[PDB]
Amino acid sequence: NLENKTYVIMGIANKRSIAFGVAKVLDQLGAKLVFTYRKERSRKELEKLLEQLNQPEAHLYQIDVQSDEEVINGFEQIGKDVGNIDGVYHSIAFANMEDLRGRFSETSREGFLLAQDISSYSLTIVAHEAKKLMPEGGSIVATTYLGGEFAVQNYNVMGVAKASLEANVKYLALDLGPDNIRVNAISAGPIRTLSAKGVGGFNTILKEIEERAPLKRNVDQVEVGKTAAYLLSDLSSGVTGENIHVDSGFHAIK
């Protein structure tokens, strides 16, 4: 039960956002939810979305994770507006569609470092700031993909970013363990999201999952949300630096 719990959810873009699947679940558990977005234009569509939730007031903040300030300030503000929080969900990442199509060896330096910045570092600084709002401790969860652990056809630069992220988690988990903050990640299966749109051979994989994954099916944002809850809750106390695959156990086969 998540009453008296307040979580920050970063990275909602639409009803298909994975971070939304999470929100639904948390909301359904009576958690007070706070949200962050990148561009203004999103914000309206956003508020439109919230209405499907039993959130008394809508607490929306605009943070683009590339700006040290937008993050530092953004959080401080939340600290002022809602006080302390219990945890953060991090559903943010980016890469140039080019660098995902081209051969990986052709990947550009900007494209590379960019993905590293948004998809991995963001977590570090976010944690550092969120820490300030979790005096008695709390839980942080980030979203990764199997391509962080293996070379996945076409995932290219994003793969390396995820790999980087998955390590980020461990180092954070260690750094903040003492401050009683748990840091874990969810390796999600492929899901039909905004960003999932436009990727080559996506549909192929979804099918290969059904055909090969132990559960012979695919996963959804809710299932992720559920695991997310486990992780954000005291249920997963004692679990830190872990990466949980919510992917029909596709990770376990070969």
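In this text, the rigid core denotes the largest set of C-alpha atoms whose superposition between the two forms falls within 1.5 Å. One rule holds for the numbers: they count along the sequence shown, beginning at 1.
- With every structure aligned by its rigid core, 204-212 is the stretch of 204-212 and 62-70 whose CA positions lie farther away in 9 other deposited structures of this protein.
- Taking the root mean square of CA deviations in 9 other deposited structures of this protein after fitting on the rigid core, 47-55 and 216-224 differ, and the farther of the two is 216-224.
- Between 3-11 and 245-253, it is 3-11 that carries the larger average Cα temperature factor according to the deposited entry.
- In this entry, 47-55 has the higher mean Cα B-factor, the comparison being between 206-214 and 47-55.
- Listed residues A151, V82, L176, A163 were ranked by CA B-factor as deposited; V82 comes out on top.
- In this PDB entry, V183 carries a Cα temperature factor that places it within the lowest third of its chain's modelled residues.
- Per the PDB record, residue ranking by Cα B-factor puts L100 in the highest third of the chain.
- In this PDB entry, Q28 carries a Cα temperature factor that places it within the highest third of its chain's modelled residues.
- In the PDB entry, a CA B factor belonging to the lowest third of its chain's modelled residues is recorded for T227.
- In the deposited entry, the Cα temperature factor of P190 sits in the middle third of values across the chain's modelled residues.
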